[PDB]
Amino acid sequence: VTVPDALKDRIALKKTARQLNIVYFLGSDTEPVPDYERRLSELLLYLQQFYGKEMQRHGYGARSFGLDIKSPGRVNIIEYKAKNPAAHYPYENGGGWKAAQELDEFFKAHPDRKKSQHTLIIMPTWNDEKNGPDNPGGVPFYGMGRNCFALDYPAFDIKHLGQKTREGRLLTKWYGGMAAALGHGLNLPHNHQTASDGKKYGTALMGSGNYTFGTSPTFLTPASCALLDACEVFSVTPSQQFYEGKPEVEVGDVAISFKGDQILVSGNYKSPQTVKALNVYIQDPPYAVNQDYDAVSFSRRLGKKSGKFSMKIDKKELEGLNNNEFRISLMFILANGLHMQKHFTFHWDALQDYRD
């Protein structure tokens, strides 16, 4: 096994209690893209380095998502042949959902192959008039709860990373695409760098980072990392169980005030389990989960079952917000990976402190 150039400068990572499942999903009429074990292994191991280095940078130690390792530089990838041709699992109209329901049956019959509740599902590109090894597509490519979907094509190989070529440009688009789709699988919403992080570190991965990964600076936000800190496959505490039950948090006494360039957020919280952290999201309308690539995020540590929180936010960090209506969301993140939000709407032209 040879180590590609991009993987030569790498850090050691803590061992995790649970590992991200990797599935190479084949339609009954589909052959794999040749050499995929090596090619996707290198790409997933570099991605693991990226998440771990960003986690370490934000103070959480050398923690990334776990992977089941088969042998040196090779991930233990489940090769799955499906009951139906690939036409039955397209990008549009529930292709992903159908592919997932079949894997749920696979993992219920083969429980030793399931290493966590998070799965990344990879399908070879279609080859027709619209798509092919030159312009991949046709297959699921998104987050779906704790399942996410990416694709494979012959030149999907890390040796093209950063290269000013068609393969390099193609790789950044579909590698960053995979990086962000996986992000969604790891409990992450869309977000946008602050103005100062945009200057220091570049592009948030869960914003437009799917177009920059491997070519210009790309990074994870403090809010993204606060969520990864409560993600099952980042855990180094085996006694902590994840995602069971419902998120139970009472939030009280909220106040959001505007004194100058500062936004002041404060309040109370109570929950039967530890609340690890608070993420704050600020965006323009419209607000739906796929209209929020503009949500500028902030994060603060909490760490108690019951307590108080208080944050100051600089209005000048709100890079890209241009609308008179804006919404502030407060996401409370629990020790077991569940979270819940409260939203609050404001108008710069009629700006009123929130006080309940």
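The first residue of the sequence shown is number 1, and the count goes up from there.
Comparing the deposited coordinates for 223 to 231 and 243 to 251, the stretch with the larger average C-alpha B-factor is 243 to 251. Between 25 to 33 and 49 to 57, it is 25 to 33 that carries the larger average Cα temperature factor according to the deposited entry.
You'll see in the entry that, of 209, 133, 72, 189, the Cα B factor peaks at 133. In the deposited coordinates, the residue among 147, 279, 218, 93 with the greatest CA B-factor is 93. When the modelled residues of the chain are ordered by C-alpha B-factor, residue 65 sits in the lowest third. Per-chain ranking of the deposited C-alpha B factor places residue 258 in the highest third. When the CA B factors of the chain's modelled residues are split into thirds, the value for residue 307 lands in the middle one. When the modelled residues of the chain are ordered by C-alpha B-factor, residue 324 sits in the highest third. Placement of the Cα temperature factor of residue 42 within the chain: lowest third of the modelled residues, per the deposited record.
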